[PDB]
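Visitor: No letters, just coordinates:
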């Protein structure tokens, strides 16, 4: 509950997601041209605690579509926090395909927060 | 592609995955049915053939019909083919927390998977 | 030349740290969760003392081991980040906290997160 | 021995460290990869009174990648623990942040993991 919808991060990328009754996340991630749209899939806790805790979840986008392939994939891990203004707070890992000699620089890390409203600025 | 099949991490877990032609990863992660969980993810279905690995990632939410830890792990990494084939990953586990505890919500670590047991 | 880093920084959760940025690249100071002694710990780290002039941030990092004369949590946090100058100067960081664990519990030894520090006590 | 000594990671970097009585780590880091040549200063902290229940010893340190030869405008922190034994090891995860503009801040930080032994691998 509450997860399905369109979400926007602080840099205005758009995460359109559906949360299925089974725990599945499915949808699209973009930033508005078709060439910038990618499939996403993930999982979320479909029976969260009832004590005030958020709902754990995660998803992946591989950065290949019909138009572009960056040979890389990002995973977001986080929790949905419901209520007045719902947010999803995440930290993410992007791994690029590398040779073994370059594997030490394969993975970037950062954090994104998503709300159902587009950001200002 | 080389990803579909059974993989083992270095600490007794088994990752059973099918890599679909559409770039999907689907499968299960275990350890016994009480210890088994659905996973889903995505991978680069057209990687480079220049010696670079194949990027990928997937998620397990730690709920099944028996147990629920109210947490989810994501793995981000690359498959490296060859005679000693491996999937090398870094992972983040986020637990559901209150706002006050959100600073201790996420563990980070790494896992290497191989096609034969440890 | 002024690095702009020396002084008192606050995150959005209470915590305060007081740092000196030495001419040799050193960061030295204290980190405190209110300001009582039992909440104060030694900080040490390093920063780039000749950053780029193209508008990029100044890379830096520091460590606090969570032991003082009063308490010992058997853990240490590192913050890795960059200072961004201006009227609203900020240090944006990602941090890792590692707790000492047995080998069996080593998978749950390290937490990760992010914090942003400003010069304005919130 | 303990933490003080010369350690090597899996990629052949050399970490020369002294663990002081007061919890200080000091020494030099020499990296086999990246925009890096010769030694760089490191400083950090460690738990100088660890648990006696078989846990490892929490520690962390930072290198800013500027020395008299090269400046990569970046810094790495390592957070981890020392695990004594027959083959003593320091297991860490690390974050490198590069100075970036605001537009590029999303790609400022790499993450990885290093394990160090007192014996050098090939």
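Guide: Perfect, thanks for sending it. Residues are numbered from 1 along each chain as shown, chains lettered A, B, ... in the order given.

Visitor: Which strand in chain A has the most residues?
Guide: strand A:69-81 (DSSP state E).

Visitor: ok and whichever helix or strand comes after that one relative to strand C:110-118, angle-wise?
Guide: On the C-terminal side of strand A:69-81, the closest following helix or strand by DSSP states H and E is strand A:87-96. Calculated by axes from the mean of the first three to the mean of the last three Cα atoms, to 10 degrees, strand A:87-96 forms an angle of 110 degrees with strand C:110-118.

Visitor: strand partners of strand A:87-96, parallel vs antiparallel please.
Guide: Counting by DSSP bridges, the strands paired with strand A:87-96 are strand A:69-81 (antiparallel), strand A:107-115 (antiparallel).

Visitor: in stretch A:85-95, what's buried?
Guide: Neighbour counts over stretch A:85-95 (16 or more other Cβ atoms under 10 Å in any protein chain shown) mark A:86, A:87, A:88, A:89, A:90, A:91, A:92, A:93, A:94, A:95 as buried. Any C-beta I mention is one placed from the backbone N, CA and C, and that applies to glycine too.

Visitor: quick one: which two of those residues are the most distant?
Guide: The largest separation in these, counting by Cβ to Cβ, is between A:86 and A:95 at 28.8 Å.

Visitor: Indicate the residue of chain A located nearest to chain C.
Guide: residue A:111 (4.7 Å; Cβ to the nearest Cβ).

Visitor: Determine which residue of chain A is most distant from the centre point.
Guide: The C-alpha centroid of chain A is most remote from residue A:101, which lies 29.1 Å away (Cα atoms, centre = their mean).

Visitor: And what about that one, helix, strand or coil?
Guide: Assigned with DSSP: H, G, I helix; E, B strand; the rest coil, residue A:101 falls in the helix class.

Visitor: residues in contact with it?
Guide: Taking Cβ atoms under 8 Å, 6 or more residues apart in numbering or on different chains, we find residue A:101 in contact with residue D:33.

Visitor: Repeat that for residue A:118.
Guide: Residue A:118 neighbours (Cβ under 8 Å, 6+ apart): A:8, A:12.

Visitor: Secondary structure element holding it?
Guide: Per DSSP H and E: nothing holds residue A:118, as it lies in no helix or strand.

Visitor: how near is it to residue A:28?
Guide: 17 Å (Cβ to Cβ, to the nearest Å).

Visitor: For stretch A:50-58, buried residues please.
Guide: A:53, A:54, A:55, A:56, A:57, A:58.

Visitor: cool, and stretch A:107-121?
Guide: In stretch A:107-121, counting by 16+ other Cβ under 10 Å, buried: A:107, A:108, A:109, A:110, A:111, A:112, A:114.

Visitor: what about it, distance to the chain center?
Guide: Averaging C-alpha positions (Cα atoms, centre = their mean, to the nearest Å) puts stretch A:107-121 9 Å from its chain's average.

Visitor: Now do it: distance from first to last residue.
Guide: Start to finish, the residues bounding stretch A:107-121 are 29 Å apart (Cα to Cα, to the nearest Å).

Visitor: Residue of chain A nearest chain D, please.
Guide: residue A:109 (4.0 Å).

Visitor: what bridges to the residue lying closest to that residue once chain neighbours are set aside?
Guide: Spatially, and ignoring its direct neighbours in sequence, residue A:109 is nearest to residue D:111 (4.0 Å; Cβ to Cβ, 6 or more residues apart in numbering or on different chains). Beta-bridge pairing for residue D:111 (DSSP bridges): residue D:95.

Visitor: for the one 5 residues further on, same thing?
Guide: When bridges are assigned using DSSP bridges, the partners listed for residue D:116 are residue D:90.

Visitor: any idea how far it is from chain A?
Guide: 14 Å (Cβ to the nearest Cβ, to the nearest Å).

Visitor: Contacts only, for residue A:111.
Guide: So residue A:111 contacts A:89, A:90, A:91, A:92, C:94, C:113, C:114 (Cβ under 8 Å, 6+ apart).

Visitor: Try it again at 10 Å.
Guide: Listed by Cβ atoms under 10 Å, 6 or more residues apart in numbering or on different chains, the contact partners of residue A:111 are A:9-10, A:76, A:78, A:89-92, B:106, C:94, C:112-114, D:106, D:109.

Visitor: same thing with residue A:108?
Guide: A:72, A:74, A:92-96, B:76, D:96, D:106-111 are the contacts of residue A:108 under Cβ under 10 Å, 6+ apart.

Visitor: what do you get if the cut-off is 8 Å, keeping everything else the same?
Guide: A:93, A:94, D:106, D:107, D:109, D:110, D:111.

Visitor: List the buried residues in stretch A:60-73.
Guide: In stretch A:60-73, the ones that count as buried by 16+ other Cβ under 10 Å are A:60, A:61, A:62, A:63, A:64, A:65, A:69, A:70, A:71, A:72, A:73.

Visitor: okay but the last one is in contact with residue A:59, surely?
Guide: No: proximity of residue A:73 to residue A:59 does not meet the contact threshold set by Cβ atoms under 8 Å, at 10.8 Å.

Visitor: That's all I had, so thanks and see you.
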